[PDB]
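Written below as structure tokens is the structure these notes are about.
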Amino acid sequence: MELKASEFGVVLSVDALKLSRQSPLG
Numbered sequence: 001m002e003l004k005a006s007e008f009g010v011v012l013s014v015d016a017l018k019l020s021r022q023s024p025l026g
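Right, here's the structure in full:
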């Protein structure tokens, strides 16, 4: 009993925050 999908959109919009990053700074 698990399968985070009411938190999987929290995930790929967190990936928009891997754009928050885009790429390991300098």
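The opening position of the sequence shown corresponds to residue 1 in the deposited numbering, with each subsequent residue numbered one higher.
Even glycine gets a Cβ: it sits at the ideal position worked out from N, Cα and C.
1) How is the alpha helix (DSSP H) around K4 delimited, first residue to last?
2) CA-CA distance, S6 and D15?
3) Can you give the Cα-Cα distance for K4 and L12, rounded to whole angstroms?
Well, looking at it:
1) Residue numbering aside, residue 4 sits at position 4 when the sequence shown is read from its first letter. Unbroken run through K4: none, as it is neither H nor E.
2) Position 6 of the sequence shown, counting from 1, holds the residue named residue 6. Position 15 of the sequence shown, counting from 1, holds the residue named residue 15. The straight-line gap from Cα to Cα measures roughly 16 Å.
3) On the sequence shown, position 4 is the one that residue 4 refers to. On the sequence shown, position 12 is the one that residue 12 refers to. Straight-line Cα distance between these residues: approximately 12 Å.
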